[PDB]
Amino acid sequence: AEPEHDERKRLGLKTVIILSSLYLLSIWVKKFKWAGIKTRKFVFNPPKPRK
Amino acid sequence: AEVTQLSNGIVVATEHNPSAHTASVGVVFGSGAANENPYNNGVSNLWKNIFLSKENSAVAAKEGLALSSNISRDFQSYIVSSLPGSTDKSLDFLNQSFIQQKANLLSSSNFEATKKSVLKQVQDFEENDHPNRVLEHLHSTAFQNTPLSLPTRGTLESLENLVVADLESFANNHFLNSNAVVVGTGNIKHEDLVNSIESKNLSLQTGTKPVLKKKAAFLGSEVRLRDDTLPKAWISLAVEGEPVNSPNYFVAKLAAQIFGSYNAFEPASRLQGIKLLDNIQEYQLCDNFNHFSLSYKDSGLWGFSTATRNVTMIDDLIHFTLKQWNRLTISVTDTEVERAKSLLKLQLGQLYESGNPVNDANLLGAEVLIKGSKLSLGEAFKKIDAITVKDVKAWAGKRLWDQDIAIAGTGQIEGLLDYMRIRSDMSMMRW
Ligand SMILES: CCCCCCCCCCCCCC(=O)O[C@H](COC(=O)CCCCCCCCCCC)COP(=O)(O)O
């Protein structure tokens, strides 16, 4: 029923290793390129009401 | 022309211009706005305006003496201008103003009136002068938590806490012997000034200004002062430039000169030899810009400030400007370098050799405070002639190509995008 079984499991090993490494690398790059926006700060002194 | 210099603890440096009709004589201290903690900030501005106070200016104007002052990041100055026959009167007045006494300038009424006036001037600067407050916030965020970030003008929250004790404490720690250079420019001789200083005593103090614990370090950041009730969008943007006493000083200035300055309403300004204008004039992206190469004692800034009303196309302005900046690293031509040489010779000779003696006094005082002697203009022109295209490409690869930037903006800057697209536009991805 499953003549592909051997090659299916070794290609599964390759694919799971490469995609786990890509997933962790992409988590790093998302935390990297969002670092300017996570740490952004806002202060607010309310303006002069005469205008 | 010639610049001489002598020493006795004070430093006496002159420029005898015998063709001029006035003579500026004044002391240029080596402290500035970069030597204040953020709680006594604006004390140099307040010394500027008690020196230019009404009673002091009246006593000056009785003898025909006009006062002048300047507060920079590195250097203060206190210049007294007069006719060329009254250099002794100017020296004796400067002696009586600073050295002989300070309590009559620092009376209660004079100090309170001057504090009121400078508080008015700082508030008027804060809510009405927009490109200069953009440049001050650009310094305040490029060099943050570091003494070169402090504005020369002072802040409203600090300046209303100063009393006379802080003025006297700054005077005792910074108005010193080795910290100062007494400068005479205009129509005076050097020997006359030295013999007249030695005729008096004119000893400011013992010496040794406090040493800053932290050196200036550039820090890529941004600050956005968004005010939707303003008609324009003012924005400065700069990288870490070259300080003075650097071998890349004139190269940084010539790189600023390549892209020059621009005013969209002047007809002769729209016809300049800049390749940025072909991109910028089609849809009228800005009203004006200027490229600046600011150089301080510890660090510097290189970038451009601009203003625009086309508030929906600010990102296109930043985009084409930064692609032109990326042309410096890769493919800047020979003709652009020759044009920037000629224009920088022109504006540098206008700056150092204008007719106004107080500006010569400020520049000579700053230069002989920092680097011990004034580089005359002929050697400056030889150093400008020595620059090649490879020097500009090496400098741009060192300082421009994919380096952190500092951004400050106010007005209708919603069209200005995030930090990351402006940062990522510093490298082209095509080279
Ligand atoms: C065209 C859309 C196809 C998207 C497939 C995504 C589903 C994940 C399972 C993929 C398994 C099929 C490939 C395979 O068996 O390779 C196996 C290796 O595993 C992988 O490398 C898959 C990594 C997937 C990365 C996706 C990159 C994005 C490419 C976009 C298209 C240009 C077999 O390798 P091999 O034949 O030995 O060279």
# chains A, B, ... in the order shown; residues from 1 in each chain; ligands from 1

call {"tool": "closest_atom_pairs", "arguments": {"of": "chain A", "to": "ligand 1", "cutoff": "12 Å", "atoms": "only C-alpha atoms and all ligand atoms", "output": "CSV"}}
result
residue,atom,partner,partner_atom_place_in_ligand_line,distance
A:7,CA,ligand 1,37 (O),9.5
A:8,CA,ligand 1,15 (O),8.9
A:9,CA,ligand 1,33 (C),10.6
A:10,CA,ligand 1,33 (C),8.8
A:11,CA,ligand 1,33 (C),5.2
A:12,CA,ligand 1,19 (O),7.2
A:13,CA,ligand 1,19 (O),8.3
A:14,CA,ligand 1,18 (C),5.5
A:15,CA,ligand 1,19 (O),3.5
A:16,CA,ligand 1,19 (O),7.2
A:17,CA,ligand 1,19 (O),8.3
A:18,CA,ligand 1,21 (O),5.9
A:19,CA,ligand 1,23 (C),5.8
A:20,CA,ligand 1,23 (C),9.6
A:21,CA,ligand 1,23 (C),10.1
A:22,CA,ligand 1,25 (C),8.2
A:23,CA,ligand 1,25 (C),10.3

call {"tool": "write_last_selection", "arguments": {"atoms": "C-alpha atoms", "output": "tab-separated table (two decimals), in the first residue's frame"}}
result
chain	number	residue	atom	x	y	z
A	7	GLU	CA	11.68	7.95	0.98
A	8	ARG	CA	8.66	9.71	2.49
A	9	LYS	CA	10.15	9.54	5.97
A	10	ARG	CA	13.62	10.70	4.94
A	11	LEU	CA	12.26	13.62	2.91
A	12	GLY	CA	10.10	14.37	5.93
A	13	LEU	CA	13.23	14.52	8.07
A	14	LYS	CA	14.87	16.98	5.65
A	15	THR	CA	11.75	19.14	5.36
A	16	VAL	CA	11.04	19.32	9.10
A	17	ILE	CA	14.67	20.26	9.84
A	18	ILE	CA	14.78	22.99	7.18
A	19	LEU	CA	11.38	24.42	8.09
A	20	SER	CA	12.11	24.44	11.83
A	21	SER	CA	15.33	26.32	11.15
A	22	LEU	CA	13.47	28.74	8.87
A	23	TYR	CA	10.78	29.27	11.50

call {"tool": "closest_atom_pairs", "arguments": {"of": "chain A", "to": "chain B", "cutoff": "9 Å", "atoms": "only C-alpha atoms", "output": "tab-separated table"}}
result
residue	atom	partner	partner_atom	distance
A:33	CA	B:420	CA	7.4
A:34	CA	B:420	CA	8.8
A:36	CA	B:419	CA	7.1
A:37	CA	B:419	CA	8.7

call {"tool": "atom_distance", "arguments": {"atom1": "atom CA of residue 80 of chain B", "atom2": "atom CA of residue 25 of chain B"}}
result
5.3 Å

call {"tool": "closest_residue", "arguments": {"among": "B:87, B:117, B:41, B:236", "to": "residue 150 of chain B", "atoms": "only C-alpha atoms"}}
result
B:41

call {"tool": "atom_distance", "arguments": {"atom1": "atom CA of residue 351 of chain B", "atom2": "atom CA of residue 234 of chain B"}}
result
25.9 Å

call {"tool": "residues_around", "arguments": {"residues": "residue 384 of chain B", "least_positions_apart": "5", "cutoff": "8 Å", "atoms": "only C-alpha atoms", "output": "ChimeraX atom specification"}}
result
/B:250-251,341,345

call {"tool": "write_last_selection", "arguments": {"atoms": "C-alpha atoms", "output": "PDB file, in the first residue's frame"}}
result
ATOM      1  CA  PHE B 250      36.900  69.072   3.918  1.00  0.00           C
ATOM      2  CA  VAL B 251      35.766  65.837   2.276  1.00  0.00           C
ATOM      3  CA  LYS B 341      35.178  72.250  -5.247  1.00  0.00           C
ATOM      4  CA  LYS B 345      35.891  77.538  -2.284  1.00  0.00           C
TER       5      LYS B 345
END

call {"tool": "residues_around", "arguments": {"residues": "residue 285 of chain B", "least_positions_apart": "3", "cutoff": "10 Å", "atoms": "only C-alpha atoms", "output": "PyMOL selection string"}}
result
chain B and resi 264+277+279-282+288+307-318

call {"tool": "select_by_dssp", "arguments": {"residues": "segment 49-149 of chain B", "states": "alpha helix (DSSP H)", "output": "ChimeraX atom specification"}}
result
/B:49-51,54-61,87-94,108-128,130-142

call {"tool": "residues_around", "arguments": {"residues": "residue 386 of chain B", "least_positions_apart": "6", "cutoff": "12 Å", "atoms": "only C-alpha atoms", "output": "number ranges by chain"}}
result
B: 247-248, 250-251, 254, 337-338, 341, 379-380, 392

call {"tool": "write_last_selection", "arguments": {"atoms": "N, CA and C atoms", "output": "PDB file, in the first residue's frame"}}
result
ATOM      1  N   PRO B 247      40.877  64.167   9.301  1.00  0.00           N
ATOM      2  CA  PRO B 247      41.349  64.259   7.914  1.00  0.00           C
ATOM      3  C   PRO B 247      40.225  64.318   6.904  1.00  0.00           C
ATOM      4  N   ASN B 248      39.027  63.867   7.268  1.00  0.00           N
ATOM      5  CA  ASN B 248      37.861  63.917   6.395  1.00  0.00           C
ATOM      6  C   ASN B 248      36.971  65.108   6.707  1.00  0.00           C
ATOM      7  N   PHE B 250      37.238  68.444   5.184  1.00  0.00           N
ATOM      8  CA  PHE B 250      36.900  69.072   3.918  1.00  0.00           C
ATOM      9  C   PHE B 250      36.227  68.105   2.961  1.00  0.00           C
ATOM     10  N   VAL B 251      36.469  66.803   3.109  1.00  0.00           N
ATOM     11  CA  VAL B 251      35.766  65.837   2.276  1.00  0.00           C
ATOM     12  C   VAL B 251      34.304  65.748   2.685  1.00  0.00           C
ATOM     13  N   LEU B 254      32.688  68.909   1.341  1.00  0.00           N
ATOM     14  CA  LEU B 254      32.479  68.841  -0.103  1.00  0.00           C
ATOM     15  C   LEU B 254      31.378  67.860  -0.464  1.00  0.00           C
ATOM     16  N   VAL B 337      32.274  66.639  -8.598  1.00  0.00           N
ATOM     17  CA  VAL B 337      33.340  66.936  -7.651  1.00  0.00           C
ATOM     18  C   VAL B 337      33.988  68.277  -7.973  1.00  0.00           C
ATOM     19  N   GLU B 338      34.208  68.571  -9.258  1.00  0.00           N
ATOM     20  CA  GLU B 338      34.783  69.864  -9.633  1.00  0.00           C
ATOM     21  C   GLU B 338      33.843  71.017  -9.293  1.00  0.00           C
ATOM     22  N   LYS B 341      33.946  71.548  -5.591  1.00  0.00           N
ATOM     23  CA  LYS B 341      35.178  72.250  -5.247  1.00  0.00           C
ATOM     24  C   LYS B 341      35.030  73.746  -5.442  1.00  0.00           C
ATOM     25  N   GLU B 379      46.000  77.381   2.444  1.00  0.00           N
ATOM     26  CA  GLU B 379      46.178  75.958   2.707  1.00  0.00           C
ATOM     27  C   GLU B 379      44.850  75.220   2.695  1.00  0.00           C
ATOM     28  N   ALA B 380      43.765  75.900   3.066  1.00  0.00           N
ATOM     29  CA  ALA B 380      42.444  75.299   2.946  1.00  0.00           C
ATOM     30  C   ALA B 380      42.080  75.070   1.488  1.00  0.00           C
ATOM     31  N   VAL B 392      36.173  60.814  -2.029  1.00  0.00           N
ATOM     32  CA  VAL B 392      34.756  60.983  -1.733  1.00  0.00           C
ATOM     33  C   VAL B 392      34.063  59.631  -1.656  1.00  0.00           C
TER      34      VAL B 392
END

call {"tool": "residues_around", "arguments": {"residues": "residue 244 of chain B", "least_positions_apart": "2", "cutoff": "10 Å", "atoms": "only C-alpha atoms", "output": "PDB file with N, CA and C atoms, in the first residue's frame"}}
result
ATOM      1  N   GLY B 241      28.560  62.657  11.392  1.00  0.00           N
ATOM      2  CA  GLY B 241      29.482  63.374  10.542  1.00  0.00           C
ATOM      3  C   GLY B 241      30.897  63.311  11.056  1.00  0.00           C
ATOM      4  N   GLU B 242      31.698  64.215  10.577  1.00  0.00           N
ATOM      5  CA  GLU B 242      33.099  64.252  10.947  1.00  0.00           C
ATOM      6  C   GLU B 242      33.343  65.363  11.946  1.00  0.00           C
ATOM      7  N   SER B 246      39.718  66.318  11.933  1.00  0.00           N
ATOM      8  CA  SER B 246      39.668  65.050  11.244  1.00  0.00           C
ATOM      9  C   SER B 246      40.253  65.209   9.852  1.00  0.00           C
ATOM     10  N   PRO B 247      40.877  64.167   9.301  1.00  0.00           N
ATOM     11  CA  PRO B 247      41.349  64.259   7.914  1.00  0.00           C
ATOM     12  C   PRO B 247      40.225  64.318   6.904  1.00  0.00           C
ATOM     13  N   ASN B 248      39.027  63.867   7.268  1.00  0.00           N
ATOM     14  CA  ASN B 248      37.861  63.917   6.395  1.00  0.00           C
ATOM     15  C   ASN B 248      36.971  65.108   6.707  1.00  0.00           C
ATOM     16  N   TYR B 249      37.552  66.248   7.062  1.00  0.00           N
ATOM     17  CA  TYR B 249      36.750  67.433   7.336  1.00  0.00           C
ATOM     18  C   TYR B 249      36.287  68.085   6.040  1.00  0.00           C
ATOM     19  N   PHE B 250      37.238  68.444   5.184  1.00  0.00           N
ATOM     20  CA  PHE B 250      36.900  69.072   3.918  1.00  0.00           C
ATOM     21  C   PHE B 250      36.227  68.105   2.961  1.00  0.00           C
ATOM     22  N   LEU B 294      27.912  69.663   9.810  1.00  0.00           N
ATOM     23  CA  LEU B 294      28.232  70.241  11.104  1.00  0.00           C
ATOM     24  C   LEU B 294      29.354  69.465  11.767  1.00  0.00           C
ATOM     25  N   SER B 295      30.301  70.196  12.343  1.00  0.00           N
ATOM     26  CA  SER B 295      31.493  69.606  12.927  1.00  0.00           C
ATOM     27  C   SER B 295      31.701  70.181  14.312  1.00  0.00           C
ATOM     28  N   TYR B 296      31.687  69.322  15.311  1.00  0.00           N
ATOM     29  CA  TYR B 296      31.870  69.713  16.693  1.00  0.00           C
ATOM     30  C   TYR B 296      33.226  69.211  17.162  1.00  0.00           C
ATOM     31  N   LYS B 297      33.494  69.373  18.455  1.00  0.00           N
ATOM     32  CA  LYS B 297      34.792  68.983  18.989  1.00  0.00           C
ATOM     33  C   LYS B 297      34.921  67.472  19.098  1.00  0.00           C
ATOM     34  N   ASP B 298      33.866  66.799  19.539  1.00  0.00           N
ATOM     35  CA  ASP B 298      33.893  65.358  19.742  1.00  0.00           C
ATOM     36  C   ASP B 298      33.324  64.574  18.572  1.00  0.00           C
ATOM     37  N   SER B 299      32.300  65.093  17.910  1.00  0.00           N
ATOM     38  CA  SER B 299      31.601  64.352  16.871  1.00  0.00           C
ATOM     39  C   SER B 299      31.124  65.344  15.820  1.00  0.00           C
ATOM     40  N   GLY B 300      30.186  64.923  14.984  1.00  0.00           N
ATOM     41  CA  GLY B 300      29.656  65.814  13.972  1.00  0.00           C
ATOM     42  C   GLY B 300      28.393  65.244  13.375  1.00  0.00           C
ATOM     43  N   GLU B 367      38.414  78.344  16.361  1.00  0.00           N
ATOM     44  CA  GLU B 367      39.447  77.525  15.744  1.00  0.00           C
ATOM     45  C   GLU B 367      40.717  77.485  16.585  1.00  0.00           C
ATOM     46  N   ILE B 370      40.093  75.174  19.607  1.00  0.00           N
ATOM     47  CA  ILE B 370      40.082  73.736  19.371  1.00  0.00           C
ATOM     48  C   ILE B 370      41.452  73.238  18.933  1.00  0.00           C
ATOM     49  N   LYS B 371      41.997  73.789  17.851  1.00  0.00           N
ATOM     50  CA  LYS B 371      43.177  73.192  17.241  1.00  0.00           C
ATOM     51  C   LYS B 371      44.429  74.051  17.381  1.00  0.00           C
TER      52      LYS B 371
END

call {"tool": "closest_residue", "arguments": {"among": "B:306, B:40, B:22, B:172", "to": "residue 411 of chain B", "atoms": "only C-alpha atoms"}}
result
B:306

call {"tool": "residues_around", "arguments": {"residues": "segment 140-143 of chain B", "least_positions_apart": "2", "cutoff": "9 Å", "atoms": "only C-alpha atoms", "output": "VMD selection string"}}
result
chain B and resid 135 to 138 145 to 151 216 to 223 238 to 240 301 405 to 408

call {"tool": "write_last_selection", "arguments": {"atoms": "C-alpha atoms", "output": "PDB file, in the first residue's frame"}}
result
ATOM      1  CA  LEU B 135      17.593  70.999  14.037  1.00  0.00           C
ATOM      2  CA  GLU B 136      17.806  71.311  17.831  1.00  0.00           C
ATOM      3  CA  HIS B 137      15.695  68.185  18.282  1.00  0.00           C
ATOM      4  CA  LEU B 138      17.897  66.506  15.681  1.00  0.00           C
ATOM      5  CA  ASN B 145      21.915  61.051  27.066  1.00  0.00           C
ATOM      6  CA  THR B 146      25.220  62.721  26.219  1.00  0.00           C
ATOM      7  CA  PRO B 147      26.254  66.373  26.756  1.00  0.00           C
ATOM      8  CA  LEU B 148      26.300  67.295  23.065  1.00  0.00           C
ATOM      9  CA  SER B 149      22.506  66.809  23.003  1.00  0.00           C
ATOM     10  CA  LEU B 150      21.769  69.865  25.041  1.00  0.00           C
ATOM     11  CA  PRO B 151      20.307  72.836  23.163  1.00  0.00           C
ATOM     12  CA  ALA B 216      29.890  62.158  22.513  1.00  0.00           C
ATOM     13  CA  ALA B 217      28.609  59.074  20.704  1.00  0.00           C
ATOM     14  CA  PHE B 218      26.181  59.032  17.790  1.00  0.00           C
ATOM     15  CA  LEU B 219      22.963  57.102  18.334  1.00  0.00           C
ATOM     16  CA  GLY B 220      20.582  56.374  15.478  1.00  0.00           C
ATOM     17  CA  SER B 221      17.099  57.340  16.575  1.00  0.00           C
ATOM     18  CA  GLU B 222      14.124  59.475  15.663  1.00  0.00           C
ATOM     19  CA  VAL B 223      11.806  62.011  17.240  1.00  0.00           C
ATOM     20  CA  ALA B 238      21.453  63.234   9.425  1.00  0.00           C
ATOM     21  CA  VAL B 239      24.163  60.620   9.905  1.00  0.00           C
ATOM     22  CA  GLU B 240      27.238  60.774  12.132  1.00  0.00           C
ATOM     23  CA  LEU B 301      26.579  65.605  11.782  1.00  0.00           C
ATOM     24  CA  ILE B 405      20.523  57.911  10.671  1.00  0.00           C
ATOM     25  CA  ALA B 406      18.854  60.359  13.012  1.00  0.00           C
ATOM     26  CA  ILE B 407      15.530  61.933  12.066  1.00  0.00           C
ATOM     27  CA  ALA B 408      13.639  64.853  13.542  1.00  0.00           C
TER      28      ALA B 408
END
